[PDB]
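Per-entry structural report
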Amino acid sequence: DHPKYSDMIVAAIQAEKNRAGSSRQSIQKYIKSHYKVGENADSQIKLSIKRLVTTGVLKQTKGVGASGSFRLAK
DNA sequence: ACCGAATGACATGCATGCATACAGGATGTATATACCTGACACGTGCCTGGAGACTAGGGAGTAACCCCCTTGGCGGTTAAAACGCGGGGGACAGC
């Protein structure tokens, strides 16, 4: 029951509205605990952020690459 | 509000990532084989030093006593141990 990775990621940030930006783990724990994702879930989430930040709609407030915190950037 | 055109959602086609098992094939290792001899094993001296027997005289082992200092006990106070806890920052994991 997993649609395209665009949707839960933005939903997860909406769940915990950190103004400083959500740290990489905060999304990772919730979406796997809440929904059901494939055996290689964590790998897909990391590059999901990586491609998502390249699209520019999300802002990494702290850290470099995937290791930091990210923000919806409205 | 259903009918079309259009479009988002749903369902799957397509391509890919990734894992995995293999089989190869290469290399290193173990086997498998002769010869080889420095080198352990006697072997033969050869003597000196360990044993026998000797005396002598002190140090260890006894008894004997003692007293102190160890152990025991015996309240009183109170300083320190025990407990609760609120939390923050140190460990730690991940990229």
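Before any of the text, the structure's been laid out above.
Conventions and cut-offs
Residues numbered from 1 in each chain as written, not as in the entry; some residues may be left out. Chains lettered and ligands numbered in written order. Part of a larger assembly, values for the part shown. Heavy atoms only, no water. Pairing = 2+ DSSP bridges. Helix = DSSP H or I, 4+ residues; strand = E, 2+ residues; numbered from the N terminus. Buried < 20%, exposed > 50% of the residue type's maximum accessible area, 1.4 Å probe, protein only. Arc of directions from axis to C-beta. Contact = heavy atoms within 4.5 Å.

Some details on the sheet that holds strand β3 (residues 69–71)
If you walk across this open sheet you meet the three strands as β1-β3-β2, and the pairing is antiparallel. The open sheet is flanked by β1 (22–23) and β2 (59–62), the only strands paired with a single partner. With three bridges connecting them, β2 and β3 associate as antiparallel partners. Residue pairing in the sheet places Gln60 in a bridge with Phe70 of β3.

Quick notes on helix α2 (residues 24–34)
Along α2, the positions that sit buried rather than exposed are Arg24, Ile27, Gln28 and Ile31. Viewed along the axis of α2, the buried residues span an arc of 100 degrees, placing them on a single side of the element. Among the exposed residues of α2, those pointing more than 90 degrees away from its buried face are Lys29, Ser33 and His34. Tucked into the core, α2 has its buried residues touching α1 (5–15), β1, α3 (41–55) and β3.

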